[PDB]
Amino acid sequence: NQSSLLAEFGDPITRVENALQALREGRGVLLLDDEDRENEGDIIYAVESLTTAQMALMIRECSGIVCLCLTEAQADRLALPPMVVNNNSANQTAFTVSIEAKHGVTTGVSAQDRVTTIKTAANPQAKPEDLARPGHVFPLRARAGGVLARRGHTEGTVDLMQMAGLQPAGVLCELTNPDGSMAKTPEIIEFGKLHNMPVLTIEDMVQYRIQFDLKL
């Protein structure tokens, strides 16, 4: 089972604390949502410490559709409305229009270029004109309340940054097996051991936020 498989990463509180410390150290984490939801594990990195090598790993090992999780306030500052008015995706994934840094990039898709765009968008002083649309980074609007309002990786990403005392922006991408199928828990666990990345779940975060009374 999953509870049993994740036991070696510690108990739920420990899994959360280890993930937060990894982010504070500039390392990535692996976040699983509910088994009855997507049942997928995303690599998560903080934007603050994001490097080209970390983006290259996401591209190499994940779906390649690398998303930028923002607060509603930051997406509003950037003038990024939802990509679609009537979202009928299964989870109502909150894609805004896609973005490219207006300056400092070329075609936008290289690992370096994606980082430039992400840092440009996540800048607390950013303005809409700093970003061209469309582009090759995919922002996502986290719901107010985080994982206590919506049990998505989007909310998990922003909550992890806030809980770790980091600027409230992170990137995510779904871990993919070489044959193109999506990684499930055993493969996620093995990837996290290989890359020294903590694994935790949305359920871990929810019970952690409830018990420590963690508004954000």
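Definition used throughout: the rigid core is the maximal C-alpha set that superposes within 1.5 Å between two forms. Note that residue numbering begins at 1 and tracks the sequence as displayed.
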item	value
Between stretches 151 to 159 and 32 to 40, more displaced by Cα RMS in 6 other deposited structures of this protein (rigid core superposition)	32 to 40
Greatest C-alpha divergence in 6 other deposited structures of this protein once each structure is fitted on the rigid core, 122 to 130 or 96 to 104	96 to 104
Absent coordinates for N91 in a third or more of other compared entries	yes
175 to 183 or 63 to 71, whichever carries the higher mean Cα B-factor	175 to 183
Greater mean Cα temperature factor according to the PDB record, 31 to 39 or 146 to 154	31 to 39
Residue with maximal Cα B-factor (values as given in the PDB entry) among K119, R133, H103, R77	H103
Chain third (lowest, middle, highest) by recorded CA B-factor, residue given as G165	highest
Third of the chain, ranked by Cα B-factor, where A90 sits	highest
CA B-factor ranking of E190, expressed as a third of its chain	middle
Third of the chain, ranked by Cα B-factor, where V16 sits	highest
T96 - which third its CA temperature factor falls in, relative to the rest of the chain	lowest
